[PDB]
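Novice: Data: structure-v3.cif, mmCIF, C-alpha atoms and all ligand atoms.
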data_target
loop_
_atom_site.label_atom_id
_atom_site.label_comp_id
_atom_site.auth_asym_id
_atom_site.auth_seq_id
_atom_site.Cartn_x
_atom_site.Cartn_y
_atom_site.Cartn_z
CA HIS A 1 0.00 0.00 0.00
CA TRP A 2 2.80 2.47 0.80
CA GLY A 3 4.35 4.57 -1.94
CA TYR A 4 5.28 8.07 -2.89
CA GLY A 5 1.93 9.76 -3.83
CA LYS A 6 -0.20 12.42 -1.98
CA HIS A 7 -2.34 9.75 -0.32
CA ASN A 8 0.26 7.05 0.41
CA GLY A 9 3.60 8.93 0.35
CA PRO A 10 6.12 9.61 3.15
CA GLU A 11 3.81 11.76 5.33
CA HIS A 12 1.42 8.74 5.56
CA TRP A 13 3.95 6.01 6.37
CA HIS A 14 3.79 6.38 10.17
CA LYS A 15 0.29 4.86 10.20
CA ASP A 16 1.48 1.46 9.02
CA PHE A 17 5.06 1.84 10.34
CA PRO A 18 5.03 3.91 13.57
CA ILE A 19 8.84 3.83 13.80
CA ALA A 20 8.57 6.46 11.02
CA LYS A 21 8.58 8.99 13.88
CA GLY A 22 11.39 7.19 15.75
CA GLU A 23 14.61 8.41 17.23
CA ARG A 24 17.06 7.47 14.40
CA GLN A 25 15.22 7.92 11.10
CA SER A 26 16.86 8.44 7.67
CA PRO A 27 17.57 10.30 5.57
CA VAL A 28 18.81 13.55 7.14
CA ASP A 29 20.24 16.87 6.08
CA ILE A 30 24.03 16.81 6.39
CA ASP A 31 25.08 20.17 7.71
CA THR A 32 28.73 20.07 6.69
CA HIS A 33 29.61 22.87 9.10
CA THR A 34 28.38 21.02 12.24
CA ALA A 35 29.62 17.54 11.20
CA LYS A 36 32.42 16.49 13.58
CA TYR A 37 35.80 15.53 12.08
CA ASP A 38 36.87 12.29 13.70
CA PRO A 39 40.56 11.43 13.14
CA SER A 40 39.99 7.96 14.67
CA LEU A 41 37.79 7.03 11.68
CA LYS A 42 39.46 4.48 9.37
CA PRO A 43 39.48 4.66 5.53
CA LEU A 44 36.45 2.84 4.15
CA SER A 45 37.34 -0.54 2.65
CA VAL A 46 35.34 -1.41 -0.49
CA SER A 47 36.24 -4.85 -1.80
CA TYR A 48 34.04 -5.37 -4.88
CA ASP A 49 36.53 -7.37 -7.06
CA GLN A 50 34.53 -10.61 -7.08
CA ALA A 51 30.94 -9.26 -6.94
CA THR A 52 28.27 -11.45 -8.59
CA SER A 53 25.14 -9.61 -9.74
CA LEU A 54 22.22 -11.91 -10.39
CA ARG A 55 19.22 -9.96 -11.46
CA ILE A 56 17.31 -6.68 -11.65
CA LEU A 57 13.76 -6.10 -10.49
CA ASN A 58 11.15 -3.32 -10.61
CA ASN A 59 9.42 -3.68 -7.20
CA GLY A 60 7.11 -0.75 -7.92
CA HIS A 61 9.14 1.61 -5.66
CA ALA A 62 12.52 1.50 -7.39
CA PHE A 63 14.72 -1.10 -9.20
CA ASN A 64 17.02 -3.35 -7.19
CA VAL A 65 20.11 -4.96 -8.60
CA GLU A 66 20.58 -8.10 -6.50
CA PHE A 67 23.82 -9.89 -5.79
CA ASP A 68 24.82 -13.36 -4.62
CA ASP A 69 25.60 -12.75 -0.94
CA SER A 70 26.14 -16.41 -0.01
CA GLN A 71 29.93 -15.89 0.27
CA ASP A 72 32.28 -13.02 1.14
CA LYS A 73 32.67 -11.68 -2.39
CA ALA A 74 31.60 -8.02 -2.31
CA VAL A 75 32.27 -6.60 1.15
CA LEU A 76 32.41 -3.27 2.99
CA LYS A 77 34.49 -2.90 6.13
CA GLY A 78 36.72 -0.40 7.92
CA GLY A 79 35.45 3.17 7.93
CA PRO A 80 33.17 3.38 11.05
CA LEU A 81 32.33 -0.32 10.97
CA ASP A 82 33.31 -3.21 13.23
CA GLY A 83 33.59 -6.34 11.11
CA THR A 84 32.34 -7.23 7.68
CA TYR A 85 29.24 -6.33 5.71
CA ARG A 86 28.24 -8.13 2.52
CA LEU A 87 26.62 -6.41 -0.48
CA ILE A 88 23.08 -7.69 -1.09
CA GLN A 89 21.61 -5.12 -3.53
CA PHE A 90 21.78 -1.60 -4.85
CA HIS A 91 19.08 0.78 -6.00
CA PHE A 92 18.54 4.49 -6.59
CA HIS A 93 16.14 7.26 -5.63
CA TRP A 94 15.56 10.04 -8.15
CA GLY A 95 13.43 13.04 -9.09
CA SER A 96 10.96 14.26 -11.70
CA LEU A 97 13.51 17.07 -12.45
CA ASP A 98 17.29 17.32 -12.06
CA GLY A 99 16.84 19.71 -9.08
CA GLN A 100 15.56 17.02 -6.73
CA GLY A 101 15.72 13.26 -6.12
CA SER A 102 18.31 12.64 -3.41
CA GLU A 103 17.21 11.49 0.05
CA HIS A 104 20.10 12.94 2.03
CA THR A 105 20.88 16.57 1.44
CA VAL A 106 24.11 18.53 1.92
CA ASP A 107 23.62 21.99 3.48
CA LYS A 108 19.98 21.62 2.19
CA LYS A 109 21.20 20.89 -1.34
CA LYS A 110 19.27 18.16 -3.20
CA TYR A 111 21.06 16.11 -5.85
CA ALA A 112 19.35 14.61 -8.95
CA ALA A 113 19.53 11.13 -7.47
CA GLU A 114 21.13 8.94 -4.83
CA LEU A 115 22.61 5.44 -5.07
CA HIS A 116 22.30 3.05 -2.08
CA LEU A 117 24.60 0.00 -1.85
CA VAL A 118 23.00 -2.07 0.87
CA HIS A 119 25.22 -4.40 2.91
CA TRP A 120 24.56 -6.67 5.91
CA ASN A 121 26.68 -7.61 8.89
CA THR A 122 27.99 -11.17 8.44
CA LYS A 123 27.85 -11.76 12.24
CA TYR A 124 24.06 -12.12 11.81
CA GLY A 125 24.17 -14.83 9.16
CA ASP A 126 21.91 -13.24 6.59
CA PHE A 127 19.93 -10.18 5.62
CA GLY A 128 16.61 -11.10 7.28
CA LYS A 129 18.27 -11.51 10.66
CA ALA A 130 20.54 -8.48 10.24
CA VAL A 131 17.67 -5.99 9.73
CA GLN A 132 16.37 -6.82 13.21
CA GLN A 133 19.62 -5.65 14.83
CA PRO A 134 20.79 -2.08 15.58
CA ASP A 135 24.09 -2.68 13.79
CA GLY A 136 22.65 -5.01 11.09
CA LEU A 137 23.17 -2.97 7.91
CA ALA A 138 25.68 -0.57 6.37
CA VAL A 139 24.42 1.47 3.42
CA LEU A 140 26.91 3.30 1.23
CA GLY A 141 25.12 6.34 -0.17
CA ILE A 142 26.48 8.15 -3.28
CA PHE A 143 24.98 11.32 -4.78
CA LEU A 144 24.36 11.76 -8.51
CA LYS A 145 24.58 15.09 -10.32
CA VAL A 146 23.71 15.63 -13.96
CA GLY A 147 26.64 16.38 -16.19
CA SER A 148 29.07 14.01 -17.98
CA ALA A 149 27.79 10.41 -18.46
CA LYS A 150 28.91 7.66 -16.07
CA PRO A 151 30.07 4.90 -18.47
CA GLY A 152 29.79 2.31 -15.74
CA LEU A 153 26.09 3.09 -15.24
CA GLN A 154 25.14 2.44 -18.85
CA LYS A 155 24.70 -1.34 -18.56
CA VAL A 156 22.02 -0.59 -15.91
CA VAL A 157 20.27 2.10 -17.95
CA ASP A 158 20.19 -0.16 -21.04
CA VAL A 159 18.23 -2.96 -19.29
CA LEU A 160 15.46 -0.76 -17.85
CA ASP A 161 13.22 -1.06 -20.95
CA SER A 162 12.90 -4.78 -20.04
CA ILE A 163 11.69 -4.10 -16.46
CA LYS A 164 9.33 -1.18 -17.16
CA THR A 165 6.48 -2.09 -14.79
CA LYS A 166 6.02 -3.29 -11.17
CA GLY A 167 6.91 -6.96 -10.80
CA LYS A 168 9.10 -7.30 -13.89
CA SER A 169 12.52 -8.83 -13.44
CA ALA A 170 15.48 -9.73 -15.68
CA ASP A 171 18.68 -11.72 -15.42
CA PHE A 172 21.54 -9.23 -14.75
CA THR A 173 24.96 -10.88 -14.48
CA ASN A 174 28.54 -9.65 -14.57
CA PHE A 175 27.57 -6.09 -13.47
CA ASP A 176 30.63 -4.46 -11.80
CA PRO A 177 29.59 -1.98 -9.01
CA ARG A 178 33.07 -0.46 -8.89
CA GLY A 179 32.08 1.50 -12.02
CA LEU A 180 29.51 3.48 -9.97
CA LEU A 181 32.05 4.80 -7.39
CA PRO A 182 33.61 8.32 -7.34
CA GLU A 183 37.40 8.85 -6.93
CA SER A 184 37.30 9.80 -3.25
CA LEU A 185 35.98 7.63 -0.38
CA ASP A 186 35.83 10.56 2.10
CA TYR A 187 32.49 10.16 3.89
CA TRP A 188 30.05 11.33 6.54
CA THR A 189 28.58 8.68 8.84
CA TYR A 190 25.67 8.56 11.33
CA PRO A 191 23.26 5.89 12.75
CA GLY A 192 19.82 5.80 11.08
CA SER A 193 17.24 3.60 9.34
CA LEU A 194 15.87 2.17 6.14
CA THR A 195 14.49 5.09 4.14
CA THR A 196 11.58 2.95 2.90
CA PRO A 197 9.09 0.96 4.94
CA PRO A 198 9.57 -0.95 7.15
CA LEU A 199 11.86 1.88 8.21
CA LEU A 200 13.83 -0.34 10.61
CA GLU A 201 16.48 1.38 12.72
CA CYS A 202 19.33 -0.91 11.76
CA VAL A 203 21.55 1.11 9.43
CA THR A 204 25.01 2.61 9.77
CA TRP A 205 24.86 5.30 7.03
CA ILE A 206 28.06 6.03 5.12
CA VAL A 207 27.48 8.93 2.68
CA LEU A 208 30.26 9.80 0.22
CA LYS A 209 31.21 13.47 -0.02
CA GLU A 210 32.02 13.28 -3.75
CA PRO A 211 29.03 12.83 -6.11
CA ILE A 212 29.20 10.92 -9.36
CA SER A 213 28.08 12.64 -12.49
CA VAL A 214 25.60 11.00 -14.83
CA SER A 215 24.23 12.34 -18.08
CA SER A 216 20.77 13.85 -18.55
CA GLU A 217 19.97 10.97 -20.94
CA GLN A 218 20.91 8.40 -18.26
CA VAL A 219 18.60 9.91 -15.64
CA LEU A 220 15.90 10.52 -18.25
CA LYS A 221 15.86 6.73 -18.77
CA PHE A 222 15.26 6.08 -15.04
CA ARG A 223 12.24 8.40 -15.34
CA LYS A 224 10.67 6.19 -18.05
CA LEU A 225 10.02 3.41 -15.53
CA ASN A 226 6.55 2.84 -14.03
CA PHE A 227 5.33 2.40 -10.46
CA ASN A 228 2.22 0.67 -11.81
CA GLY A 229 2.05 -2.96 -12.97
CA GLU A 230 1.63 -3.95 -16.67
CA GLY A 231 -1.90 -3.16 -17.81
CA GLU A 232 -2.65 -0.56 -15.11
CA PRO A 233 -2.86 3.27 -15.70
CA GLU A 234 0.65 4.61 -16.28
CA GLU A 235 2.34 6.44 -13.40
CA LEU A 236 5.97 7.34 -14.07
CA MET A 237 8.43 6.19 -11.42
CA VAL A 238 9.70 9.61 -10.35
CA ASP A 239 10.20 11.28 -6.99
CA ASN A 240 10.75 8.00 -5.14
CA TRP A 241 12.61 9.76 -2.31
CA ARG A 242 11.87 10.28 1.35
CA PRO A 243 12.62 13.83 2.60
CA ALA A 244 15.02 14.71 5.40
CA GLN A 245 13.92 13.60 8.86
CA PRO A 246 14.82 15.17 12.25
CA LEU A 247 18.37 14.47 13.41
CA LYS A 248 17.17 14.42 17.04
CA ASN A 249 19.83 13.16 19.39
CA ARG A 250 22.50 12.38 16.72
CA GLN A 251 25.89 13.62 15.60
CA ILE A 252 27.12 13.21 12.02
CA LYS A 253 30.82 12.34 11.90
CA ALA A 254 33.16 13.21 9.01
CA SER A 255 36.22 11.19 7.90
CA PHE A 256 37.80 14.34 6.43
CA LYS A 257 38.82 17.97 7.10
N1 LIG A 301 16.61 3.06 0.85
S1 LIG A 301 17.58 2.06 1.80
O1 LIG A 301 17.59 2.63 3.23
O2 LIG A 301 19.00 2.01 1.29
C1 LIG A 301 16.91 0.41 1.74
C2 LIG A 301 15.93 0.15 0.79
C3 LIG A 301 15.34 -1.10 0.71
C4 LIG A 301 14.35 -1.26 -0.39
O3 LIG A 301 14.72 -2.04 -1.28
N2 LIG A 301 13.21 -0.55 -0.55
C5 LIG A 301 12.37 -0.70 -1.72
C6 LIG A 301 12.75 0.33 -2.81
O4 LIG A 301 13.81 1.26 -2.58
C7 LIG A 301 15.81 -2.14 1.55
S2 LIG A 301 15.00 -3.75 1.52
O5 LIG A 301 15.14 -4.26 2.95
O6 LIG A 301 15.82 -4.69 0.62
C8 LIG A 301 13.31 -3.58 0.93
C9 LIG A 301 12.98 -4.04 -0.36
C10 LIG A 301 11.68 -3.87 -0.84
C11 LIG A 301 10.72 -3.20 -0.07
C12 LIG A 301 11.06 -2.71 1.21
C13 LIG A 301 12.35 -2.90 1.69
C14 LIG A 301 16.79 -1.90 2.49
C15 LIG A 301 17.35 -0.63 2.54
CL1 LIG A 301 18.62 -0.37 3.68
ZN ZN A 302 17.50 3.60 -0.80
#
Let me see whether you can do it: turn the structure in this file into structure tokens.
Specialist:
Amino acid sequence: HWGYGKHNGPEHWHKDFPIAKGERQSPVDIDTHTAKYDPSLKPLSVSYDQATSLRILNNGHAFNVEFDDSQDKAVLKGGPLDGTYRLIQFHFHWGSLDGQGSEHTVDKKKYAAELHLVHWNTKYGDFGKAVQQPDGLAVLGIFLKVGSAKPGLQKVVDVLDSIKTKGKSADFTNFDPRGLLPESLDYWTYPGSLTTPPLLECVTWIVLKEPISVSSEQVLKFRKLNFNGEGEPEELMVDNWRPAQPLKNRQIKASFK
């Protein structure tokens, strides 16, 4: 039932998912001036050499690229984390226009889109168990701006025609997520939540400072997807982002400056 419209969008979610109004909700505005530099923070370790993508699915909220997470093949560690998190999926949030679409903001600035690489803590054995724990997930968030194309994104953009509507899925193998990363791994980090129902408070957020640029034609192709299922009235999949939530009793830490 939940989604992103006037009658079922973010402002409604708390009815079905009361944690919506909880103490560590995501996303947030990152006020770069009040973020605390922490010189005890380690470089982030992104080991994506042997990642195995399996598929791509339109779930009627976004598209998820799924990975085989049955072995330590694509892992995040270091940075603020204790131990090892395995990549399960990535997806994006984006706008109807280039001036909005990101979930986190930087000094109130909205980017065209935001990439989420979702990982789970191996101490909990799998994803379903991890989401029930306060340190279960680490999500690496990367901002997209419109400018030069990202060559490494094009394989994703080119398959979207095949998964236009809610419930459609395609085989999607040999996709290399390293091609979606910016040069720098400087980051902000804070404890928060899933940004979509069920909104569970289980995420260590790691948000990269450096955006990637993607072309207008690449993001235009994301906007051709549909929230509706095949043979329902067409509703373009745009503005699938939750706005900034109250920081409450949290400090955002920076790995830089
Ligand atoms: N946005 S996010 O905080 O990185 C985030 C987004 C989703 C998500 O896929 N949501 C559905 C569409 O985005 C998930 S999920 O647990 O795989 C899930 C899938 C489908 C429906 C609900 C939930 C986990 C995280 Cl951590
Ligand atoms: Zn997300």
Novice: Could you name the residues that touch residue A:158 at 12 Å or less, counting only C-alpha atoms, but leaving out those on the same chain fewer than 2 positions away, as a ChimeraX atom specification?
Specialist: /A:56,151-156,160-164,170,172,217-222,224
Novice: To check your reading of the model: which residues sit at most 6 Å from ligand ZN 302 (chain A) when counting only C-alpha atoms and all ligand atoms? Write the answer as a ChimeraX atom specification.
Specialist: /A:92,116,195
Novice: Name each residue within 6 Å of ligand LIG 301 (chain A), counting all atoms listed in the file, as a list in words.
Specialist: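 Sorted by chain and then by number, the residues are residues 61, 62, 116, 118, 139, 194, 195, 196 and 197 of chain A.
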Novice: Which one is closest to residue A:33: A:180, A:238, A:113, A:106? Count all atoms listed in the file.
Specialist: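 With all atoms listed in the file as the atom set, the closest residue is A:106.
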Novice: When you draw a straight line from atom CA of residue A:3 to atom CA of residue A:89, how long is it in Å?
Specialist: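 Distance reported for this atom pair: 19.9 Å.
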Novice: May I ask which of the residues A:257, A:73, A:93, A:129 is the closest one to residue A:115, counting only C-alpha atoms?
Specialist: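 Closest candidate: A:93.
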Novice: Using all atoms listed in the file, which of the listed residues (A:18, A:9, A:80, A:233) sits closest to residue A:254?
Specialist: A:80
Novice: So that I can check the surroundings of residue A:130, please list as a ChimeraX atom specification every protein, DNA and RNA residue that reaches within 12 Å of it, counting only C-alpha atoms and ignoring chain neighbours fewer than 5 positions away.
Specialist: /A:85-86,88,118-125,135-138,200-204
Novice: For residue A:40, work out the shell of residues within 10 Å, counting all atoms listed in the file and skipping chain neighbours fewer than 3 positions away, then give it as a PDB file with C-alpha atoms, keeping the file's coordinate frame.
Specialist:
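Okay, this is what ended up in part.pdb:
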ATOM      1  CA  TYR A  37      35.800  15.530  12.080  1.00  0.00           C
ATOM      2  CA  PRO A  43      39.480   4.660   5.530  1.00  0.00           C
ATOM      3  CA  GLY A  79      35.450   3.170   7.930  1.00  0.00           C
ATOM      4  CA  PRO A  80      33.170   3.380  11.050  1.00  0.00           C
ATOM      5  CA  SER A 255      36.220  11.190   7.900  1.00  0.00           C
TER       6      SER A 255
END
Novice: Point out the residue among A:240, A:64, A:251, A:193 with the least atom-to-atom distance to residue A:96, counting only C-alpha atoms.
Specialist: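 Once distances to residue A:96 are computed over only C-alpha atoms, the minimum belongs to A:240.
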Novice: I'd like the interatomic distance between atom CA of residue A:144 and atom CA of residue A:179, to a tenth of an Å.
Specialist: 13.3 Å
Novice: Fewer than 4 positions away in the same chain doesn't count, so skip those; otherwise give me all residues within 10 Å of residue A:167, counting all atoms listed in the file, as a ChimeraX atom specification.
Specialist: /A:57-60,63,163,227-230
Novice: Given the point (39.3, -4.7, -0.2) in the coordinates of this file, which residues lie within 9 Å, counting only C-alpha atoms, and how would they look as number ranges by chain?
Specialist: A: 45-49, 74-77
Novice: Can you pull out every residue within 6 Å of residue A:213, counting all atoms listed in the file, but drop anything in the same chain fewer than 2 positions away, and send it as a ChimeraX atom specification?
Specialist: /A:144-148
Novice: Please dump the current selection as an mmCIF file, in the frame of the given file; keep C-alpha atoms.
Specialist:
data_model
loop_
_atom_site.group_PDB
_atom_site.id
_atom_site.type_symbol
_atom_site.label_atom_id
_atom_site.label_comp_id
_atom_site.auth_asym_id
_atom_site.auth_seq_id
_atom_site.Cartn_x
_atom_site.Cartn_y
_atom_site.Cartn_z
ATOM 1 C CA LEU A 144 24.360 11.760 -8.510
ATOM 2 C CA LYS A 145 24.580 15.090 -10.320
ATOM 3 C CA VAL A 146 23.710 15.630 -13.960
ATOM 4 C CA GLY A 147 26.640 16.380 -16.190
ATOM 5 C CA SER A 148 29.070 14.010 -17.980
#
Novice: Could you tell me how far atom CA of residue A:127 sits from atom CA of residue A:78, in Å to one decimal place?
Specialist: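 Computed distance, atom CA of residue A:78 to atom CA of residue A:127, equals 19.6 Å.
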Novice: Go through A:243, A:211, A:177, A:22 one by one, measure the shortest atom-to-atom distance of each to residue A:141 using all atoms listed in the file, and give the residue with the smallest value.
Specialist: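 Of all the options, A:211 lies closest to residue A:141.
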Novice: With only C-alpha atoms as the basis for distance, which of A:198, A:166, A:225, A:247 is at the shortest distance from residue A:94?
Specialist: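 Looking only at the distances to residue A:94, the closest residue turns out to be A:225.
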Novice: Would you list the residues near (24.3, 9.3, 18.8), meaning any protein, DNA or RNA residue with an atom at most 8 Å from that point in file coordinates, counting all atoms listed in the file, as a VMD selection string?
Specialist: chain A and resid 190 to 191 249 to 251
Novice: Can you put N, CA and C atoms back into stretch 160-193 of chain A and show it as a PDB file, in the coordinates of the input?
Specialist:
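That gives us part-v8.pdb:
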ATOM      1  N   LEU A 160      16.687  -1.202 -18.502  1.00  0.00           N
ATOM      2  CA  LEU A 160      15.460  -0.760 -17.850  1.00  0.00           C
ATOM      3  C   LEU A 160      14.211  -0.972 -18.714  1.00  0.00           C
ATOM      4  N   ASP A 161      14.324  -0.784 -20.040  1.00  0.00           N
ATOM      5  CA  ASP A 161      13.220  -1.060 -20.950  1.00  0.00           C
ATOM      6  C   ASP A 161      12.558  -2.418 -20.657  1.00  0.00           C
ATOM      7  N   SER A 162      13.355  -3.412 -20.248  1.00  0.00           N
ATOM      8  CA  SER A 162      12.900  -4.780 -20.040  1.00  0.00           C
ATOM      9  C   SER A 162      12.180  -4.964 -18.696  1.00  0.00           C
ATOM     10  N   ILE A 163      12.354  -4.010 -17.756  1.00  0.00           N
ATOM     11  CA  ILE A 163      11.690  -4.100 -16.460  1.00  0.00           C
ATOM     12  C   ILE A 163      10.830  -2.849 -16.210  1.00  0.00           C
ATOM     13  N   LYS A 164      10.054  -2.444 -17.225  1.00  0.00           N
ATOM     14  CA  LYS A 164       9.330  -1.180 -17.160  1.00  0.00           C
ATOM     15  C   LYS A 164       8.350  -1.081 -15.983  1.00  0.00           C
ATOM     16  N   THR A 165       7.636  -2.178 -15.677  1.00  0.00           N
ATOM     17  CA  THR A 165       6.480  -2.090 -14.790  1.00  0.00           C
ATOM     18  C   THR A 165       6.731  -2.932 -13.548  1.00  0.00           C
ATOM     19  N   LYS A 166       6.006  -2.620 -12.467  1.00  0.00           N
ATOM     20  CA  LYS A 166       6.020  -3.290 -11.170  1.00  0.00           C
ATOM     21  C   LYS A 166       5.921  -4.791 -11.369  1.00  0.00           C
ATOM     22  N   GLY A 167       6.886  -5.505 -10.798  1.00  0.00           N
ATOM     23  CA  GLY A 167       6.910  -6.960 -10.800  1.00  0.00           C
ATOM     24  C   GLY A 167       7.778  -7.569 -11.893  1.00  0.00           C
ATOM     25  N   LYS A 168       8.244  -6.752 -12.847  1.00  0.00           N
ATOM     26  CA  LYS A 168       9.100  -7.300 -13.890  1.00  0.00           C
ATOM     27  C   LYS A 168      10.532  -7.448 -13.420  1.00  0.00           C
ATOM     28  N   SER A 169      11.154  -8.543 -13.831  1.00  0.00           N
ATOM     29  CA  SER A 169      12.520  -8.830 -13.440  1.00  0.00           C
ATOM     30  C   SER A 169      13.283  -9.407 -14.630  1.00  0.00           C
ATOM     31  N   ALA A 170      14.606  -9.216 -14.634  1.00  0.00           N
ATOM     32  CA  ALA A 170      15.480  -9.730 -15.680  1.00  0.00           C
ATOM     33  C   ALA A 170      16.745 -10.298 -15.059  1.00  0.00           C
ATOM     34  N   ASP A 171      17.309 -11.322 -15.709  1.00  0.00           N
ATOM     35  CA  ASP A 171      18.680 -11.720 -15.420  1.00  0.00           C
ATOM     36  C   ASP A 171      19.591 -10.502 -15.607  1.00  0.00           C
ATOM     37  N   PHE A 172      20.582 -10.335 -14.706  1.00  0.00           N
ATOM     38  CA  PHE A 172      21.540  -9.230 -14.750  1.00  0.00           C
ATOM     39  C   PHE A 172      22.849  -9.651 -14.104  1.00  0.00           C
ATOM     40  N   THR A 173      23.701 -10.305 -14.902  1.00  0.00           N
ATOM     41  CA  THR A 173      24.960 -10.880 -14.480  1.00  0.00           C
ATOM     42  C   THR A 173      26.140 -10.053 -14.953  1.00  0.00           C
ATOM     43  N   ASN A 174      27.255 -10.231 -14.243  1.00  0.00           N
ATOM     44  CA  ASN A 174      28.540  -9.650 -14.570  1.00  0.00           C
ATOM     45  C   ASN A 174      28.491  -8.114 -14.459  1.00  0.00           C
ATOM     46  N   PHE A 175      27.573  -7.538 -13.645  1.00  0.00           N
ATOM     47  CA  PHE A 175      27.570  -6.090 -13.470  1.00  0.00           C
ATOM     48  C   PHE A 175      28.604  -5.716 -12.405  1.00  0.00           C
ATOM     49  N   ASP A 176      29.556  -4.819 -12.720  1.00  0.00           N
ATOM     50  CA  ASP A 176      30.630  -4.460 -11.800  1.00  0.00           C
ATOM     51  C   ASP A 176      30.337  -3.168 -11.039  1.00  0.00           C
ATOM     52  N   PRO A 177      30.013  -3.197  -9.716  1.00  0.00           N
ATOM     53  CA  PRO A 177      29.590  -1.980  -9.010  1.00  0.00           C
ATOM     54  C   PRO A 177      30.726  -0.993  -8.787  1.00  0.00           C
ATOM     55  N   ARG A 178      31.970  -1.405  -9.040  1.00  0.00           N
ATOM     56  CA  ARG A 178      33.070  -0.460  -8.890  1.00  0.00           C
ATOM     57  C   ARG A 178      32.921   0.708  -9.871  1.00  0.00           C
ATOM     58  N   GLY A 179      32.220   0.476 -10.985  1.00  0.00           N
ATOM     59  CA  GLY A 179      32.080   1.500 -12.020  1.00  0.00           C
ATOM     60  C   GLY A 179      31.111   2.624 -11.649  1.00  0.00           C
ATOM     61  N   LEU A 180      30.455   2.494 -10.487  1.00  0.00           N
ATOM     62  CA  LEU A 180      29.510   3.480  -9.970  1.00  0.00           C
ATOM     63  C   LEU A 180      30.178   4.326  -8.868  1.00  0.00           C
ATOM     64  N   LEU A 181      31.454   4.113  -8.545  1.00  0.00           N
ATOM     65  CA  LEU A 181      32.050   4.800  -7.390  1.00  0.00           C
ATOM     66  C   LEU A 181      32.790   6.066  -7.836  1.00  0.00           C
ATOM     67  N   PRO A 182      32.811   7.138  -7.014  1.00  0.00           N
ATOM     68  CA  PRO A 182      33.610   8.320  -7.340  1.00  0.00           C
ATOM     69  C   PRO A 182      35.081   8.065  -6.961  1.00  0.00           C
ATOM     70  N   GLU A 183      35.986   9.024  -7.229  1.00  0.00           N
ATOM     71  CA  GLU A 183      37.400   8.850  -6.930  1.00  0.00           C
ATOM     72  C   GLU A 183      37.627   8.736  -5.433  1.00  0.00           C
ATOM     73  N   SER A 184      37.055   9.688  -4.679  1.00  0.00           N
ATOM     74  CA  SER A 184      37.300   9.800  -3.250  1.00  0.00           C
ATOM     75  C   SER A 184      36.348   8.927  -2.442  1.00  0.00           C
ATOM     76  N   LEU A 185      36.838   8.347  -1.339  1.00  0.00           N
ATOM     77  CA  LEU A 185      35.980   7.630  -0.380  1.00  0.00           C
ATOM     78  C   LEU A 185      35.859   8.412   0.931  1.00  0.00           C
ATOM     79  N   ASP A 186      36.158   9.721   0.940  1.00  0.00           N
ATOM     80  CA  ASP A 186      35.830  10.560   2.100  1.00  0.00           C
ATOM     81  C   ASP A 186      34.318  10.498   2.326  1.00  0.00           C
ATOM     82  N   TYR A 187      33.901  10.438   3.598  1.00  0.00           N
ATOM     83  CA  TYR A 187      32.490  10.160   3.890  1.00  0.00           C
ATOM     84  C   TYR A 187      32.047  10.888   5.148  1.00  0.00           C
ATOM     85  N   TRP A 188      30.723  11.024   5.287  1.00  0.00           N
ATOM     86  CA  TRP A 188      30.050  11.330   6.540  1.00  0.00           C
ATOM     87  C   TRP A 188      29.388  10.051   7.024  1.00  0.00           C
ATOM     88  N   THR A 189      29.184   9.908   8.344  1.00  0.00           N
ATOM     89  CA  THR A 189      28.580   8.680   8.840  1.00  0.00           C
ATOM     90  C   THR A 189      27.715   8.989  10.069  1.00  0.00           C
ATOM     91  N   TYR A 190      26.573   8.313  10.216  1.00  0.00           N
ATOM     92  CA  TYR A 190      25.670   8.560  11.330  1.00  0.00           C
ATOM     93  C   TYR A 190      24.795   7.312  11.421  1.00  0.00           C
ATOM     94  N   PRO A 191      24.163   7.022  12.578  1.00  0.00           N
ATOM     95  CA  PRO A 191      23.260   5.890  12.750  1.00  0.00           C
ATOM     96  C   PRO A 191      21.829   6.249  12.378  1.00  0.00           C
ATOM     97  N   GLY A 192      21.196   5.454  11.487  1.00  0.00           N
ATOM     98  CA  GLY A 192      19.820   5.800  11.080  1.00  0.00           C
ATOM     99  C   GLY A 192      19.033   4.539  10.719  1.00  0.00           C
ATOM    100  N   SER A 193      18.289   4.570   9.584  1.00  0.00           N
ATOM    101  CA  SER A 193      17.240   3.600   9.340  1.00  0.00           C
ATOM    102  C   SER A 193      17.156   3.296   7.852  1.00  0.00           C
TER     103      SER A 193
END
